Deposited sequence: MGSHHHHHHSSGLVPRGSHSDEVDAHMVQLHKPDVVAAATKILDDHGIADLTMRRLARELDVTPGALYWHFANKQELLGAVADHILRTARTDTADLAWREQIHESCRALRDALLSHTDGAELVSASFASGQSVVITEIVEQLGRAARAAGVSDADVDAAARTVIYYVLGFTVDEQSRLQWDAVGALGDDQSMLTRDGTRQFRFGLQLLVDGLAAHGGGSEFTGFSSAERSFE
């Protein structure tokens, strides 16, 4: 009997072992000894499946940050994210694609978490979303590039550029 965490575990193993291009619905059915159209009972499509793989990826990226100042909130969040991504082959491409799809709920949670920190820094209520997104655009972009180069930090510099744009309200 096949259950969703079966699937996500197996696809994660494919990602770690072979990269995001070898993560295909057919190959994933091959590692579970099932028919490719089996997976479509549990997931609506490869997008939803990859979003689940992103959530499983990022279970370790959520760190508690409420008893910390609004700069340590940001830095600590972004550090935890980047370290969750750098721990899986093409982790940052996968999570970035799920964020552009709309299929990782915890990447949305992390954007809420840093939106709170942007608020707590003085930006107006109507510009909070824009800011938080700004931050994650940066760290997703950065880790994609970084994981590229590695597979063939001064992360803090680019991040501090943003926390300074934020210092001014």
query	finding
In sequence order, the deposited-sequence ranges that have no modelled C-alpha atom	1-28, 181-198, 216-232
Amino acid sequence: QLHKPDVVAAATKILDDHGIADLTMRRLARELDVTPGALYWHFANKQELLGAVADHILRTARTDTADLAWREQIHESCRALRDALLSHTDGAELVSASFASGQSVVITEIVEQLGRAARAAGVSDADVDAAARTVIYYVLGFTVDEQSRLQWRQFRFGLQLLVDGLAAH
From here on, numbers count along this sequence of modelled residues.
item	value
Of 59-67 and 22-30, the stretch whose C-alpha atoms average the higher B-factor in the entry	59-67
Of the residues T134, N45, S104, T143, the one carrying the largest Cα B-factor as recorded	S104
Third of the chain's Cα B-factor distribution that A11 belongs to, per the entry	middle
Chain third (lowest, middle, highest) by recorded CA B-factor, residue given as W152	highest
Third of chain Cα B-factors occupied by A52	lowest
Lowest, middle or highest third - CA B-factor, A126	highest
Third of the chain, ranked by Cα B-factor, where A120 sits	highest
